[PDB]
Amino acid sequence: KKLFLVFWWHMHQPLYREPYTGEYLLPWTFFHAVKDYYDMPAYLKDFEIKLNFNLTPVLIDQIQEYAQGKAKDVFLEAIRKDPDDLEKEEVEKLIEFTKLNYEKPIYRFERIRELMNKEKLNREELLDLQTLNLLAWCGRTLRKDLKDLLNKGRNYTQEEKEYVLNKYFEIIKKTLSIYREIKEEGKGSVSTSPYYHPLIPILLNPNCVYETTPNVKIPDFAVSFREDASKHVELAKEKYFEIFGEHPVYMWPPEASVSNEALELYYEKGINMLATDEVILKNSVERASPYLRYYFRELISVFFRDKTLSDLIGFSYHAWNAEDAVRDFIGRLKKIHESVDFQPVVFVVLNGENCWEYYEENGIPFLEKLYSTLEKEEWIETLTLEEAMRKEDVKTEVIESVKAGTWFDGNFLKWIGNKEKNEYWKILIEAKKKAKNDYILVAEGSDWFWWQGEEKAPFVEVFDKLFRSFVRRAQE
Ligand SMILES: OC[C@H]1O[C@H](O[C@H]2[C@H](O)[C@@H](O)[C@@H](O[C@H]3[C@H](O)[C@@H](O)[C@@H](O[C@H]4[C@H](O)[C@@H](O)[C@@H](O[C@H]5[C@H](O)[C@@H](O)[C@@H](O)O[C@@H]5CO)O[C@@H]4CO)O[C@@H]3CO)O[C@@H]2CO)[C@H](O)[C@@H](O)[C@@H]1O
């Protein structure tokens, strides 16, 4: 009697490329590409398990731009330059980027503490600041190859910095290939999301927010976003088809966000399976076990992720030592395995690139120990999404209706309902009336609304510049 375990790592970045200048205004796609987007599937080279991935189309666009050498990344340019050529504005951004990241485990170099305590940096100190910011984001593959440069920890030269940069771009250039390979080998399924990661239930019917938060104030949606919701899904099918050669039959709904209308749209667009969050399940049915495969109105298959297991990796186990964390995770799977006399399906679904920076050594000890243990446990079978979709020896149930929500408390409050987030929607609504191109779809991404009306400086001014630039460009 097996326990079926399904990892589904979601990868996404909003579009950081300013439409007028073409400049990538933040380096987050570059840094997660070199740290996570290649290395997370590359674990499948060394471990005989199945792992699944979601790639948003807007992320794929950016990965391709960096791989082709076309991305003009302003923070990266400040890294690459000889410090004698740095603008004062570039030295300032270098220091602010360091201070934002200072306390993360992947930044635990004694030298960074030294450099942040100095009143002013000479050329050698700036070279160490640039190169340590680079090396802090080193992924698993190159942490082996560049181990000696990493251990050095100080006194970096321009040549060593450029060497690291060349190896990083080699990693980016191989990134789409590794997703194609693990897919062709049956080592994992690859899904996508509606193109720019929007809140599909809101675009289809903004009133769905009242199913969970009736007291929320939302602006006057004086224009229809229903066609745009279709276009996000349709364009995403086309981008996936270009990259992987087939139309996707699995999709990750952004923010796990579903509604009756959204599920109908995915079904209409040929999606056969998605996943969403256990809170939505609890809100929608009485007996809310997440270990069943659900069928929404016999139209589309829906799995509900195990929220506690997903949150343990996503948020808890950074605060644990790696071995203890793996023992805790396996022990919880044991309890699930023992708690039912059927074969449970256990979906572990979370962002695949954001939690590791808070783990010791970028989560590599944790994931290596976790996957090594999993590959040898005889009562656990890890599945591709395709295997989980067609598994016959599991329990099954039909659901007729869901309560609209997201994996954030089962509601939409992180993207709508306060004055500053509502202002973004009002701006989008007014721009949509006059929109003339697909940059309006870019501005519909959830990321812009997530950061608006929050304390989270800095670079929130940069997300604001991006959103409003996309809104302006959509009208021309
Ligand atoms: O204030 C409390 C809060 O603030 C601080 O967070 C800061 C981060 O620690 C800091 O690094 C920076 O956050 C960056 C982030 O590091 C960077 O990668 C980028 O974030 C990307 C994600 O990487 C990307 O995956 C995507 O995330 C989506 C996600 O895919 C989706 O499934 C869902 O979960 O929504 C996410 C957001 O839309 O996109 C984002 C960009 O939108 O940019 C971030 C912002 O610069 O800055 C944060 C402070 O401003 C604390 O340190 C943090 O721990 C606290 O919780």
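Each ligand, and each atom within it, is numbered from 1 in the order the structure gives. Note that these values count all heavy atoms, side chains included, but never hydrogens, waters or copies made by symmetry. In this chain, numbering begins with 1 at the start of the sequence shown.
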* Under 4.0 Å, heavy atoms only, figure out whether ligand 1 is touched by the backbone of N354, its side chain, both or neither. =>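 Side chain only.
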
* To do: Heavy-atom distances under 4.0 Å are what count here, so tell me which part of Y16 touches ligand 1: side chain, backbone, both or neither.
  =>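 The answer is the side chain.
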
Top protein contact for [atom], by heavy-atom distance:
atom	value
atom 26 (C) of ligand 1	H12 O, 3.6 Å
atom 35 (O) of ligand 1	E255 OE2, 3.2 Å
atom 46 (O) of ligand 1	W28 NE1, 3.1 Å
atom 32 (O) of ligand 1	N351 OD1, 2.7 Å
atom 42 (O) of ligand 1	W451 NE1, 2.7 Å

Parallel under 30°, tilted from 30 to 60°, perpendicular over 60°: which one fits the rings of [X] and [Y]?
X	Y	answer
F449	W425	parallel
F366	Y317	tilted
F467	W448	tilted

Decide whether the shortest distance between a heavy atom of [X] and an atom of ligand 1 is less than 4.0 Å.
X	result
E454	no
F408	no
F31	no
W415	no
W407	yes

Atom indices of ligand 1, in the order listed, that fall short of 4.0 Å to a heavy atom of [X]:
X	answer
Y358	8 (C), 9 (O), 52 (O), 54 (O)
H10	30 (O), 32 (O)
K456	1 (O), 4 (O), 49 (C), 50 (O)
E455	1 (O), 2 (C), 4 (O)
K104	9 (O), 10 (C), 11 (O)
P14	39 (O), 41 (C), 42 (O)
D447	26 (C), 28 (C), 37 (C), 38 (O), 39 (O), 40 (C), 41 (C), 42 (O)
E353	25 (O)

Flag for [Y]-[X]: side-chain donor and acceptor within less than 3.5 Å:
X	Y	result
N101	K104	yes
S230	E227	no
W8	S191	yes

Output yes when a protein non-hydrogen atom is found under 4.0 Å of [atom], and no otherwise.
atom	value
atom 21 (C) of ligand 1	yes
atom 55 (C) of ligand 1	no
atom 29 (C) of ligand 1	yes

* To do: Give the intermediate values and the outcome of side chain to side chain contact (heavy atoms under 4.5 Å, CB included) for residues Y266 and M251.
  => CA-CA 8 Å; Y266 285 113; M251 279 207 171; 3.8 Å; yes

Under 6.0 Å between the ring centres of [X] and [Y]?
X	Y	answer
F31	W137	yes
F347	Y291	no
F303	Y294	no
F30	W28	no

* To do: May I ask you to check if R140 and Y43 form a cation-pi contact, with NZ or CZ under 6.0 angstrom from the six-membered ring centre and within 45° of the axis?
  =>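 Checked: cation-pi criterion met.
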
* Asked: Below 3.5 angstrom, do we get any N/O pair linking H32 and ligand 1?
  ->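 Yes - when backbone and side-chain N and O of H32 are compared with those of ligand 1, one distance drops under 3.5 Å.
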
* To do: Examine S446 against ligand 1 and note whether any of their N/O atoms are separated by less than 3.5 Å.
  =>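 It does not: no N or O of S446 is found under 3.5 Å from an N or O of ligand 1.
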
* **Passing option when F463 is tested against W450, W451, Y424 for ring pair (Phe, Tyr, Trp, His ring centres under 6.0 Å)** =>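 Among the candidates, only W451 passes.
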
* Using salt bridge (charged side-chain N to carboxylate O under 4.0 Å, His left out) as the criterion, list what pairs up with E423, not counting sequence neighbours. =>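 Partners of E423 by the salt bridge (charged side-chain N to carboxylate O under 4.0 Å, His left out) criterion, ordered by chain and then number, come out as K426.
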
* To do: State, with a plain yes or no, whether a side-chain heavy atom of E238 is found less than 4.5 Å away from one of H247.
  =>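 Heavy-atom side-chain distance check passes, below 4.5 Å.
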
